[PDB]
Amino acid sequence: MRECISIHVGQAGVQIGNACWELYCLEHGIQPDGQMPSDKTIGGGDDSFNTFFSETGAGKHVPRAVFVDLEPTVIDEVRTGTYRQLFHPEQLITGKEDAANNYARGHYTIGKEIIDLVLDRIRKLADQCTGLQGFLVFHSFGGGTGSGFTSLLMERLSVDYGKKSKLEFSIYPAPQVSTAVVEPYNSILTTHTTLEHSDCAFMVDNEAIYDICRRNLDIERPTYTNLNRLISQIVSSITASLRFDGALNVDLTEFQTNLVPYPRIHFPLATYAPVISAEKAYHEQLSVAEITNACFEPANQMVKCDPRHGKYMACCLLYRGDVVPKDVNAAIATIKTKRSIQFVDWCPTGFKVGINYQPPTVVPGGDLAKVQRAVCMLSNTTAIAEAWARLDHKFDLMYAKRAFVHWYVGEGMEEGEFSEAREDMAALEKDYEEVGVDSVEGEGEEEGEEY
Amino acid sequence: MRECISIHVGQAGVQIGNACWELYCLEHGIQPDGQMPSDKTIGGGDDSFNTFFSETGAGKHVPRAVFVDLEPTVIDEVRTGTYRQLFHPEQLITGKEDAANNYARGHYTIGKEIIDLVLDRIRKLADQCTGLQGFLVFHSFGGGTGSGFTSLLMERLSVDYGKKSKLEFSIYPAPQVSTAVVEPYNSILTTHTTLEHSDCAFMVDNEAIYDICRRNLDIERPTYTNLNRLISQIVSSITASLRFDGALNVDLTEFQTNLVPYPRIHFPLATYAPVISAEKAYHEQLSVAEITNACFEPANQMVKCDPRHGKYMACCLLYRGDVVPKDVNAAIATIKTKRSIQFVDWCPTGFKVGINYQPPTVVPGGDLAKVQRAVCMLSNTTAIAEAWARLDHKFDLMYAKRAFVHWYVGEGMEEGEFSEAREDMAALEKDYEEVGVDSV
Amino acid sequence: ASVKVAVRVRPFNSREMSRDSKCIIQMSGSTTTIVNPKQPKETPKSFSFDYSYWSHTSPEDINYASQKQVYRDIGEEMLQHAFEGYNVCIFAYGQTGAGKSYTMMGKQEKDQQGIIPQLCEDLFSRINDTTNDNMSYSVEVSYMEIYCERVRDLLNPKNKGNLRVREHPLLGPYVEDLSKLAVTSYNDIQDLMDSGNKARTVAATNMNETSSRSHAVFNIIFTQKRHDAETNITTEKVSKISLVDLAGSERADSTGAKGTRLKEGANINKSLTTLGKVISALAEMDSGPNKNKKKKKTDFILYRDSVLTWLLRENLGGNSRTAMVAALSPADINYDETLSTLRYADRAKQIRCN
Amino acid sequence: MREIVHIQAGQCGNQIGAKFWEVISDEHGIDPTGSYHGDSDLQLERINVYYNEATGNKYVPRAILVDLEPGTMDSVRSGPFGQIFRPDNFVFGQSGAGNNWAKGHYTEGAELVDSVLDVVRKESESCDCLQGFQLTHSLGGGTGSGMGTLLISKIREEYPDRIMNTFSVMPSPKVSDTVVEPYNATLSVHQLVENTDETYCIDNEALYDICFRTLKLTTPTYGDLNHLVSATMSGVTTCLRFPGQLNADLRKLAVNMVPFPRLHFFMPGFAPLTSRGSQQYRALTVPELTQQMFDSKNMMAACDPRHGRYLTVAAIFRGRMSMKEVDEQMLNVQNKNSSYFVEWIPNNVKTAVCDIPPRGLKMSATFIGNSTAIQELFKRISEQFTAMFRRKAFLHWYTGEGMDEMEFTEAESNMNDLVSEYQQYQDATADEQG
Ligand SMILES: CC(=O)O[C@H]1C(=O)[C@@]2(C)[C@H]([C@H](OC(=O)c3ccccc3)[C@]3(O)C[C@H](OC(=O)[C@H](O)[C@@H](NC(=O)c4ccccc4)c4ccccc4)C(C)=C1C3(C)C)[C@]1(OC(C)=O)CO[C@@H]1C[C@@H]2O
Ligand SMILES: Nc1nc2c(ncn2[C@@H]2O[C@H](COP(=O)(O)OP(=O)(O)OP(=O)(O)O)[C@@H](O)[C@H]2O)c(=O)[nH]1
Ligand SMILES: Nc1nc2c(ncn2[C@@H]2O[C@H](COP(=O)(O)OP(=O)(O)OP(=O)(O)O)[C@@H](O)[C@H]2O)c(=O)[nH]1
Ligand SMILES: Nc1nc2c(ncn2[C@@H]2O[C@H](COP(=O)(O)OP(=O)(O)O)[C@@H](O)[C@H]2O)c(=O)[nH]1
Ligand SMILES: Nc1ncnc2c1ncn2[C@@H]1O[C@H](COP(=O)(O)OP(=O)(O)O)[C@@H](O)[C@H]1O
Ligand SMILES: [Mg+2]
Ligand SMILES: [Mg+2]
């Protein structure tokens, strides 16, 4: 069966999980207490789809998830809030000190002990599964647990399972805004784990989502709930092809197969087109061409890098709702006509297309308008290099003077490892700059004669 | 007695047989169920003549025929149609694949097995016969079964029986029109069987009959039923002398004796004069001279060859109806007067004449007008060479590049056999060009 | 631009000589003629060829095409071309029992040795004769067969489990896991030919009890390298010698069976048709450029229609030298088989009877 | 009796099969439950070509459904005609190839190939005289292309004598969904050239252009494309089920179309198509039928035959019509279009006529062209393939499944040789100067 396991690590992961599981419960008709009234109303169907929920004897539906954190505050907020009866009591909390915004504590000293419990719970959930497709890991670069413990967990998962997919929905640090001082060290030290082990990593930036909320939804003072709601919409759009039928359904394996040319360059950008307020929902048609055009605007990207500075290596569009292949094909043709969007010459086709009949849902108390059509775009492009390069600069400005290094060194981490990360980091950028080069020299060719 | 066996082979053969047996059933007063009401009305005579029908104890008349095909469609259509109760259930069908417009399949691979059943039924019918005169074989060049299985069947028949006559009423490919791509291969590969084995072979072309129907019988959109009806009329005219009395009755033996000067040039042309619509049946006399003149017109020939380009080696006229020898002789004299008709210098007489009293009949729902007089001409002439020559050209255009050859070679036929056929074909043409030369 | 055609008529064997047999084939110049024995009055069928070889009885001291004679005409030229670095190929065509195998192998008594033994003896002579310190000669011999478009090795004692055939873009067609063995004398090659011809795929039919159900190709890989006291070291001299034994043609008249027998016959006949078309097409462009020197495009000669021509591409196309010899039976009974063999040989630079 | 076994692979194959079986069931008067409720007696005369009999006077299609994602099988089963197929013929697995031709040819498809061949054998031994098979699959996909080629190979090894046709949907230059279409198309055309007697080529833009331009439909979906393809498939095998004045089994078309074994790729077409609202203005006669049939814009493969020469064509008509008119119109279209037909076939128009037209029409016709212009379909693909291979765009996904670059190069060379083959038959006429 099309089964997934969602691992939430860190405060950002836990809050993203809150928003995500709110959306899934609303999508599938599950009440906060786990019971589905619609089972006895319809009397058939698997609307409590196995992709995210496991059904027990009494009709209760337990989500397939594992929260993790090294601070009891946030997970206890989950454990006392509205959804306290939904989740299994195994929330895997370390009732001890935090990683304290230190990669070393989350990876080497404090990250131990809890790792065994986390792996045991993941093993149990995998055993309960039959046809596991992959893991979804939510975390945040720049945090303590979200960086180090996520790296350790990914290493152990890659060792244990090997072939199963592992996607990442991670929060990269922003160019200007930042809520920590030692953020670049933590962000850089995860390059090895997010490069070697993860199969496909999606980057989201809080500044980009703030800009989207300010411009599109017309919210002057957003908070993290809106950001988590948008990210949850994107995850639901990605995973919808597994759950609901459609004219063209894209499994995770197809999505990866079409998005990643080479095994080191798996960093696509996620965007959602019909992000519009209810008041502005009127005066608009929101046809297929409109949402496809909106997907390509640099203003609506979720990470602060302009694709116009780079080349579109690959694209995957996932439509939901009242959509027909004709308009999708026409929109793709119109996109290919424009010369502002550049494509590498070693990818003549350029696109992947999926269509799902189930339209998106509106969370009560949210801000997104009810719509009949939507699309989620995953674009693998070279412009992501920009988002890396800026952060690299900051790292140098700290590592030249060895600022804050003693905190990492005292916690059982060798100093030279710092430099190693940068080397890996640098190599990755070079790799991206290699795949933008528009064709080989092809110096060898011959001439012709006449007879 | 004057007894004949009619073998129908292929789809064209089966449909020609349908039309032919409709005609004879109407001629002799046989109902579709085999019974004759007139037997108890007249109380005498052999109106269910033995030339085509065998009479059982209960008064039923079973035709002397054997249909054959390698596809159950057409013979099943026969077996369910109006005349299902007429024929014996032995229709000799191979419930397997068709010959697929491929000579090799019809002769070598698929043609076997069914050959034994066909020969057994033919032997049974021959044993039931007393005074068998010859076999009539209907088929078509260019088809799969009609070419290969016909060749195999005639080889075995010539082996088993030998001295009995064997006539062809075969459909030759047209110059321009054609319903197949590999037609010339199949048509050329049968030159050996239609040359060595057959005693006399009549050639008919669909283009010529289409021209006749669109011009004489004022029909613009004809179908194969009209063609089969015309061919049936010709066969009936040929075979009438065996069944009905006449002032001069021309058996098959004397007809052959007069039409074939040498044993290799037995390819006459068949024509029928009073082909006219009932609306045009008025305003016309249709005397003996008129029909005799109309038979010689190149427009009314049934294969696209102009006799004016060649020489008339021999002619055999068979009249039906209110005809008297005085007008026949006068018409023959008038024909001999004209210089547009050339006769070879070594055939001073030139004509065979037969006269029969029974007039032709009109099929209900047909298109030929009722008439008091008619004539069928069988003219052996050199112009038939033209009809061969065109075909040879087409064959060359395929065989220079070995187009479609693998289909034949893969089915157990040696490639070089192709060339052999053309050599025989070429020799045949040369023979005709030899006999058109004036003596010295 | 070198395709020649050869024909060789066999003499009456012991059974034919003892029985009341008759001869129907005549020779003169380049023209071979055959007459139908039951109807010779019609016309003699004649064909012209580049090479022709006569034989009707055993001794035939004077004006006779001995094995050494056919070797000099065909074999010696091909061996010289192989020595000069050009790929070479010799086909032996004919019906079963026609005597083509006699030409290819010959008698082991060493009184009349076939083309293959004489060729290999001269090769071993040339190499040992021209063997010096700098020139390095190396020879490796392989032997293979095609049965129903499937390749089988004959020299290796392993199981006869059907193998695949592939093509390197630079190195041309090849076969996966085909054993090749080095040889240094006539004894080794003779042992290899015995071990090979003992393992051929044959079946009993109504024509001959050991009629070949498979084509057989004996390949010799010959290389000559120069390694002097210097740095500009190249080879520039590599050749392959192909010796092809073809299964005789057959008709459905003789192959009175369905299924495996008819399938094998049809596959075999398709292989001969492909080979004949390949050689005729090559011969047309042999005639053309040799006198025009006009480059009428590549005119690619199809070799995929069948596998036999595909693996022989390196020895068929390019600057290769190919010839074929057809075995003809002059006995009275084999008129139809013989005439079919003449027709098959007529192509590949067909020459008119002047 | 000639009886056909039908095989379907992938989403495209399954959907075309569903629509085609609906069309045939309505043609033969079969209810969705399998019971017969027709009027004419000819419908049961040769229903056994496609159907088998079951005891309670029930008819079961002789179809075999293949896939690796259960979603399509569930969609087919829970439908208007889902109950008609026998459940044992539904063959599927899990975790499909996902547009990876290696997975559906080596890793995954090897698991289900044995089960599918067992079902095929059971279907074939129940057939008293098998005529040939029939495969419907998408060429640019995953499980479809790969497992279809594997099944073709295994069936050709098992049943060499029987005919094998293929209604394949091949990639588009413009209407392209999957990014790795060229790899799958190349590695499949490597196999189609060797192990099939016929191969009807279909393109999505041709069907869309037919829908927008002729049928004047405003919102064509995959249902309409499946409708057109099903109409063509019904037209091809019409003569094996109904009587006529000239019959044409699948073999006669195979004999009369392909001149050489490799040139067995066809361009299908169907007529009439008149927009459902303009049929009142145009009369249904054989001249109009054949004029629409030979029109360049009607072809279902997105190739202009005016860029090449017709090696052969076959026209199969349905309905009561005069043979003379058909022959005259074929002569007319051959003579007027003198430059679009090769000369080394003097007459290269095969003709067949069937008495029973479609249910709601007076007369119709279907067309199978064999032209050199089809080479374009490969050349474009080859171009894209090179553009994605010389840099190794997505190569690792294949090589992790147990392949190597040599197979890619072999497939590319095979397709190029096919293209050159077809190219040699569009210029070489007859001469000595060249
Ligand atoms: C005169 C009349 O009654 O109306 C026609 C009609 O108006 C037209 C426009 C029909 C109509 O077809 C369409 O509108 C159409 C739309 C998309 C794709 C294909 C067709 C018709 O729907 C289609 C329908 O066709 C059939 O029933 C044929 O037998 C056809 N059947 C099916 O395709 C079929 C569909 C669903 C369920 C079962 C069968 C067929 C064709 C070939 C071989 C076998 C069967 C007919 C008669 C008509 C309508 C109803 C309007 C046409 O269809 C055919 C193939 O006959 C479209 O152009 C033709 C010509 C017709 O004039
Ligand atoms: N978009 C979004 N970002 C969040 C959210 N919660 C925390 N973050 C980000 O997380 C980063 C801070 O690091 P954390 O993820 O909280 O680290 P941690 O999981 O608490 O682990 P410790 O550092 O040991 O406390 C900042 O960049 C925040 O912007 C959230 O709900 N939504
Ligand atoms: N005059 C006339 N010709 C016909 C008739 N039916 C078919 N033909 C011709 O027959 C030729 C085709 O050969 P067929 O007789 O159909 O071959 P077959 O007997 O069906 O055997 P297969 O090739 O295996 O199908 C065409 O040239 C047709 O014109 C008919 O009723 N009357
Ligand atoms: N004609 C037609 N083509 C289709 C249909 N569904 C998908 N396709 C085409 O098939 C291709 C995808 O192949 P797919 O069906 O996924 O192959 P599979 O993975 O083996 O099932 C796309 O390029 C579509 O254009 C259909 O219903 N009809
Ligand atoms: N000078 C010669 N020319 C041609 N054939 C000859 C000559 N001397 C002997 N032969 C024949 O060579 C034949 C060899 O046949 P063989 O190799 O047994 O055929 P197969 O291998 O097909 O069984 C013998 O039948 C023999 O009569
Ligand atoms: Mg916490
Ligand atoms: Mg039939």
# chains A, B, ... in the order shown; residues from 1 in each chain; ligands from 1
>>> residues_near_ligand(ligand="ligand 2", cutoff="9 Å", atoms="only C-alpha atoms and all ligand atoms", output="number ranges by chain")
A: 9-16, 19, 68-71, 74, 97-103, 105-106, 139-147, 171-174, 177-180, 183, 204-206, 209, 223-228, 231
>>> residues_around(residues="residue 432 of chain A", least_positions_apart="2", cutoff="8 Å", atoms="only C-alpha atoms", output="list in words")
residues 265, 382, 385, 428, 429, 430, 434, 435 and 436 of chain A
>>> interface_residues(of="chain C", to="chain D", cutoff="8 Å", atoms="only C-alpha atoms", output="list in words")
residues 166, 167, 168, 169, 296, 302 and 305 of chain C
>>> write_last_selection(atoms="N, CA, C and O atoms", output="tab-separated table (two decimals), in the first residue's frame")
chain	number	residue	atom	x	y	z
C	166	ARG	N	26.15	-9.18	-30.14
C	166	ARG	CA	26.07	-7.74	-29.92
C	166	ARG	C	26.99	-7.03	-30.91
C	166	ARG	O	27.55	-7.65	-31.81
C	167	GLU	N	27.13	-5.72	-30.74
C	167	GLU	CA	27.95	-4.92	-31.65
C	167	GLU	C	28.56	-3.74	-30.89
C	167	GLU	O	27.83	-2.90	-30.37
C	168	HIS	N	29.90	-3.70	-30.85
C	168	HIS	CA	30.60	-2.52	-30.36
C	168	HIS	C	30.59	-1.44	-31.44
C	168	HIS	O	30.78	-1.76	-32.62
C	169	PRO	N	30.36	-0.16	-31.09
C	169	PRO	CA	30.37	0.87	-32.15
C	169	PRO	C	31.69	0.98	-32.90
C	169	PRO	O	31.68	1.25	-34.11
C	296	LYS	N	28.16	7.20	-54.84
C	296	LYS	CA	26.70	7.27	-54.84
C	296	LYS	C	26.22	7.02	-53.41
C	296	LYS	O	25.50	6.06	-53.12
C	302	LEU	N	22.05	-3.88	-46.17
C	302	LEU	CA	21.34	-4.39	-44.97
C	302	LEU	C	22.00	-5.70	-44.52
C	302	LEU	O	22.21	-6.58	-45.37
C	305	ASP	N	18.68	-8.10	-41.51
C	305	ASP	CA	17.60	-9.01	-41.97
C	305	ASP	C	17.87	-10.41	-41.39
C	305	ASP	O	16.89	-11.13	-41.14
>>> residues_near_ligand(ligand="ligand 3", cutoff="8 Å", atoms="only C-alpha atoms and all ligand atoms", output="PyMOL selection string")
(chain B and resi 9-16+69-71+98-102+106+139-147+171-173+178-180+183+204-206+224-225+227-228) or (chain D and resi 245-248+252)
>>> write_last_selection(atoms="N, CA and C atoms", output="compact mmCIF listing (two decimals), in the first residue's frame")
# COMPACT_ATOMS: atom_id res chain seq x y z
N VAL B 9 -13.80 -22.98 -56.65
CA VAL B 9 -12.65 -22.86 -55.77
C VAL B 9 -12.40 -21.38 -55.52
N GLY B 10 -12.28 -21.01 -54.25
CA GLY B 10 -12.06 -19.63 -53.87
C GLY B 10 -13.36 -18.87 -53.67
N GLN B 11 -13.21 -17.62 -53.21
CA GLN B 11 -14.38 -16.77 -52.99
C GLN B 11 -15.05 -16.42 -54.31
N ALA B 12 -14.25 -16.03 -55.31
CA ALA B 12 -14.81 -15.73 -56.62
C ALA B 12 -15.49 -16.96 -57.21
N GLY B 13 -14.86 -18.12 -57.05
CA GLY B 13 -15.48 -19.35 -57.52
C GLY B 13 -16.81 -19.62 -56.83
N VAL B 14 -16.86 -19.42 -55.51
CA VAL B 14 -18.08 -19.71 -54.76
C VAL B 14 -19.20 -18.76 -55.17
N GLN B 15 -18.89 -17.48 -55.36
CA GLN B 15 -19.93 -16.54 -55.73
C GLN B 15 -20.41 -16.76 -57.17
N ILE B 16 -19.48 -17.08 -58.08
CA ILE B 16 -19.88 -17.45 -59.43
C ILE B 16 -20.75 -18.70 -59.39
N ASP B 69 -12.91 -23.80 -50.24
CA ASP B 69 -12.33 -22.54 -49.80
C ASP B 69 -11.55 -22.80 -48.53
N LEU B 70 -10.64 -21.88 -48.22
CA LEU B 70 -9.82 -21.93 -47.01
C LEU B 70 -10.23 -20.87 -45.99
N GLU B 71 -11.48 -20.43 -46.03
CA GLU B 71 -12.01 -19.44 -45.10
C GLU B 71 -13.49 -19.72 -44.90
N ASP B 98 -6.88 -18.49 -44.01
CA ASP B 98 -6.90 -18.32 -45.45
C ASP B 98 -5.49 -18.50 -46.03
N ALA B 99 -5.43 -18.62 -47.35
CA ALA B 99 -4.16 -18.61 -48.05
C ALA B 99 -3.50 -17.24 -48.06
N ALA B 100 -4.23 -16.19 -47.68
CA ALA B 100 -3.64 -14.87 -47.42
C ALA B 100 -3.06 -14.25 -48.68
N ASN B 101 -3.73 -14.47 -49.82
CA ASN B 101 -3.28 -13.96 -51.11
C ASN B 101 -1.82 -14.33 -51.38
N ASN B 102 -1.48 -15.59 -51.10
CA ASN B 102 -0.11 -16.07 -51.19
C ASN B 102 -0.16 -17.44 -51.86
N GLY B 106 -1.35 -21.51 -50.50
CA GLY B 106 -2.42 -22.26 -51.13
C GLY B 106 -1.95 -23.53 -51.80
N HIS B 139 -12.44 -20.23 -60.72
CA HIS B 139 -11.46 -19.72 -59.77
C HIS B 139 -11.05 -18.33 -60.23
N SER B 140 -10.03 -17.77 -59.59
CA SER B 140 -9.54 -16.45 -59.93
C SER B 140 -8.04 -16.40 -59.72
N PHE B 141 -7.31 -15.95 -60.74
CA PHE B 141 -5.91 -15.60 -60.54
C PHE B 141 -5.82 -14.41 -59.60
N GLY B 142 -4.74 -14.36 -58.83
CA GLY B 142 -4.48 -13.28 -57.92
C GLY B 142 -4.89 -13.55 -56.49
N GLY B 143 -5.79 -14.50 -56.27
CA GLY B 143 -6.14 -14.89 -54.92
C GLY B 143 -5.17 -15.91 -54.36
N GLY B 144 -5.35 -16.22 -53.09
CA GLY B 144 -4.53 -17.23 -52.45
C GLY B 144 -4.99 -18.64 -52.75
N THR B 145 -6.20 -18.98 -52.31
CA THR B 145 -6.74 -20.31 -52.59
C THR B 145 -6.96 -20.51 -54.08
N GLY B 146 -7.57 -19.52 -54.73
CA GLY B 146 -7.98 -19.64 -56.12
C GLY B 146 -6.85 -19.91 -57.08
N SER B 147 -5.62 -19.58 -56.68
CA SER B 147 -4.44 -19.80 -57.50
C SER B 147 -3.68 -21.06 -57.08
N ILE B 171 -10.83 -15.71 -63.62
CA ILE B 171 -10.83 -14.25 -63.64
C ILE B 171 -9.39 -13.78 -63.66
N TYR B 172 -9.01 -13.12 -64.71
CA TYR B 172 -7.67 -12.59 -64.90
C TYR B 172 -7.55 -11.21 -64.27
N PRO B 173 -6.38 -10.80 -63.76
CA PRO B 173 -6.26 -9.44 -63.23
C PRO B 173 -6.45 -8.39 -64.31
N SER B 178 -7.31 -3.14 -59.49
CA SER B 178 -6.80 -4.29 -58.77
C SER B 178 -7.11 -4.12 -57.29
N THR B 179 -7.53 -5.21 -56.65
CA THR B 179 -7.87 -5.21 -55.23
C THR B 179 -6.82 -5.91 -54.39
N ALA B 180 -5.59 -6.04 -54.89
CA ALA B 180 -4.52 -6.67 -54.14
C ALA B 180 -3.19 -6.10 -54.61
N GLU B 183 -0.91 -9.24 -56.44
CA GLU B 183 -1.67 -9.93 -57.48
C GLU B 183 -0.80 -10.47 -58.62
N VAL B 204 -11.78 -13.95 -68.30
CA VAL B 204 -12.73 -12.86 -68.11
C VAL B 204 -12.09 -11.84 -67.18
N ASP B 205 -12.35 -10.57 -67.46
CA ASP B 205 -11.76 -9.45 -66.74
C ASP B 205 -12.86 -8.61 -66.14
N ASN B 206 -12.67 -8.20 -64.88
CA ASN B 206 -13.70 -7.42 -64.21
C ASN B 206 -13.86 -6.04 -64.82
N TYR B 224 -20.71 -7.25 -57.77
CA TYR B 224 -20.24 -8.54 -58.29
C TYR B 224 -21.38 -9.46 -58.70
N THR B 225 -22.60 -9.22 -58.22
CA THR B 225 -23.72 -10.06 -58.62
C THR B 225 -23.97 -9.97 -60.12
N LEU B 227 -21.76 -9.23 -62.47
CA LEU B 227 -20.67 -9.93 -63.15
C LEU B 227 -20.90 -11.43 -63.12
N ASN B 228 -21.27 -11.96 -61.95
CA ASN B 228 -21.51 -13.39 -61.84
C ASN B 228 -22.70 -13.81 -62.69
N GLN D 245 -18.14 -8.73 -49.45
CA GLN D 245 -17.82 -9.02 -50.84
C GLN D 245 -16.34 -9.29 -51.05
N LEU D 246 -15.47 -8.72 -50.20
CA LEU D 246 -14.05 -9.03 -50.20
C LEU D 246 -13.59 -9.08 -48.75
N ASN D 247 -13.09 -10.25 -48.35
CA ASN D 247 -12.71 -10.44 -46.94
C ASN D 247 -11.21 -10.21 -46.77
N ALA D 248 -10.78 -9.84 -45.56
CA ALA D 248 -9.36 -9.54 -45.33
C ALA D 248 -8.98 -9.84 -43.88
N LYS D 252 -3.83 -11.28 -44.36
CA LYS D 252 -3.80 -10.78 -45.76
C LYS D 252 -3.26 -9.36 -45.75
>>> residues_around(residues="residue 199 of chain B", least_positions_apart="2", cutoff="7 Å", atoms="only C-alpha atoms", output="MDAnalysis selection string")
chainID B and resid 165:167 197 201 266
>>> write_last_selection(atoms="C-alpha atoms", output="compact mmCIF listing (two decimals), in the first residue's frame")
# COMPACT_ATOMS: atom_id res chain seq x y z
CA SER B 165 -11.85 -32.58 -70.43
CA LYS B 166 -11.07 -29.76 -67.99
CA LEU B 167 -12.26 -26.19 -68.64
CA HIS B 197 -3.02 -29.18 -67.46
CA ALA B 201 -9.27 -21.81 -70.53
CA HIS B 266 -6.06 -22.87 -75.91
>>> residues_near_ligand(ligand="ligand 1", cutoff="10 Å", atoms="only C-alpha atoms and all ligand atoms", output="number ranges by chain")
D: 19-29, 207, 210-211, 214-217, 220-236, 238, 270-280, 282, 284, 318, 357-366
>>> interface_residues(of="chain A", to="chain D", cutoff="9 Å", atoms="only C-alpha atoms", output="ChimeraX atom specification")
/A:1-2,131,133,245,247-248,250-255,257-263,314-315,324-326,329-330,332-333,345-354,439-440
>>> write_last_selection(atoms="C-alpha atoms", output="tab-separated table (two decimals), in the first residue's frame")
chain	number	residue	atom	x	y	z
A	1	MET	CA	0.00	0.00	0.00
A	2	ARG	CA	1.07	3.61	-0.52
A	131	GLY	CA	4.69	-1.43	1.14
A	133	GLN	CA	7.36	4.10	0.13
A	245	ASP	CA	-7.43	8.86	-7.91
A	247	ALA	CA	-6.22	11.17	-14.65
A	248	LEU	CA	-2.43	11.13	-14.16
A	250	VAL	CA	2.55	10.61	-9.89
A	251	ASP	CA	4.11	8.32	-7.30
A	252	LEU	CA	7.08	9.49	-5.25
A	253	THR	CA	9.46	7.35	-7.32
A	254	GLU	CA	8.30	8.99	-10.56
A	255	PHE	CA	8.66	12.42	-8.97
A	257	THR	CA	13.03	9.99	-11.29
A	258	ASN	CA	11.98	13.07	-13.24
A	259	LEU	CA	13.39	15.74	-10.89
A	260	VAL	CA	16.99	14.62	-10.18
A	261	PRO	CA	19.37	14.35	-13.18
A	262	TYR	CA	22.48	13.38	-11.17
A	263	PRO	CA	22.59	11.98	-7.62
A	314	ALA	CA	13.68	20.17	-14.44
A	315	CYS	CA	10.08	20.87	-13.45
A	324	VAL	CA	-8.15	18.80	-17.91
A	325	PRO	CA	-5.00	17.77	-19.86
A	326	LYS	CA	-5.79	20.17	-22.73
A	329	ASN	CA	-0.63	21.17	-22.40
A	330	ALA	CA	-1.52	24.65	-23.65
A	332	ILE	CA	3.18	24.20	-20.91
A	333	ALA	CA	3.45	25.30	-24.54
A	345	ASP	CA	19.89	22.27	-23.61
A	346	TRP	CA	20.42	18.76	-22.22
A	347	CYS	CA	16.74	18.49	-21.24
A	348	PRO	CA	14.52	19.04	-24.31
A	349	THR	CA	11.29	17.81	-22.65
A	350	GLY	CA	11.72	19.69	-19.38
A	351	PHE	CA	8.47	18.84	-17.55
A	352	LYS	CA	6.54	16.26	-15.57
A	353	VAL	CA	2.76	16.52	-15.18
A	354	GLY	CA	0.35	15.03	-12.67
A	439	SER	CA	26.71	21.94	-23.75
A	440	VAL	CA	30.16	20.29	-24.28
>>> interface_residues(of="chain A", to="chain C", cutoff="12 Å", atoms="only C-alpha atoms", output="MDAnalysis selection string")
chainID A and resid 448:451
>>> write_last_selection(atoms="N, CA, C and O atoms", output="compact mmCIF listing (two decimals), in the first residue's frame")
# COMPACT_ATOMS: atom_id res chain seq x y z
N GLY A 448 33.78 17.08 -45.48
CA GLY A 448 33.27 16.24 -46.54
C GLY A 448 33.86 16.64 -47.88
O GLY A 448 34.33 17.76 -48.07
N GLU A 449 33.83 15.68 -48.81
CA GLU A 449 34.39 15.86 -50.15
C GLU A 449 33.30 15.66 -51.19
O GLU A 449 32.16 15.33 -50.86
N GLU A 450 33.65 15.86 -52.47
CA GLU A 450 32.72 15.69 -53.58
C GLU A 450 33.39 14.84 -54.65
O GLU A 450 34.59 14.98 -54.88
N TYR A 451 32.60 13.97 -55.28
CA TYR A 451 33.10 13.08 -56.32
C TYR A 451 32.07 12.94 -57.44
O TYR A 451 32.15 12.02 -58.25
